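Presented below is the structure to which this report refers.
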Amino acid sequence: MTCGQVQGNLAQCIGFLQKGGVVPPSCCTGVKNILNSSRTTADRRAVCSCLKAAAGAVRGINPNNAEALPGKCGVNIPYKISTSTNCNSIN
Numbered sequence: 001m002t003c004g005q006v007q008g009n010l011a012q013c014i015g016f017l018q019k020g021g022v023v024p025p026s027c028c029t030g031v032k033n034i035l036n037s038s039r040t041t042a043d044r045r046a047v048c049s050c051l052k053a054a055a056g057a058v059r060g061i062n063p064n065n066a067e068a069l070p071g072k073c074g075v076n077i078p079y080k081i082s083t084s085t086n087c088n089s090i091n
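The sequence shown lines up with residues 1 to 91 when you count with the entry's author numbering.
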């Protein structure tokens, strides 16, 4: 996990997240990557600690797409795309 790994999640989805054109298999893949292909504890707790500013970089974004983001790839995660979903008690 880096704060660039999360970028390959949200940066792809931004082109729908911010301007809802369409959800590419790229956005999905990056999302599912940070969520499932994270694998490690550091890739879970720290990854969320990057998601905060990545979903905080939202300039002209759409919050409705933030919850759609995980749904469109098929990753119903326990924690959410919330900027304050608490990233340490996720385990």
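Here a beta-carbon is modelled for each residue, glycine too, at the ideal position from N, C-alpha and C.
query, result
"Per-residue burial, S37 [other beta carbons within 10 Å of its own, 16 or more giving buried]", "exposed"
"As assigned by DSSP and simplified to three states, the class of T40", "coil"
"Separation of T85 from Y79, as counted between CA atoms", "6 Å"
"Exposed unless 16 or more other CB atoms sit within 10 angstroms - verdict on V22", "exposed"
"Whole-angstrom C-beta distance between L69 and residue 92, which should lie under 8 Å", "Since the first residue shown for the chain is 1 and the last is 91, residue 92 is missing from the structure and cannot be characterised."
"Residues near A42 by beta carbon distance below 8 Å, same chain, minus five either side", "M1"
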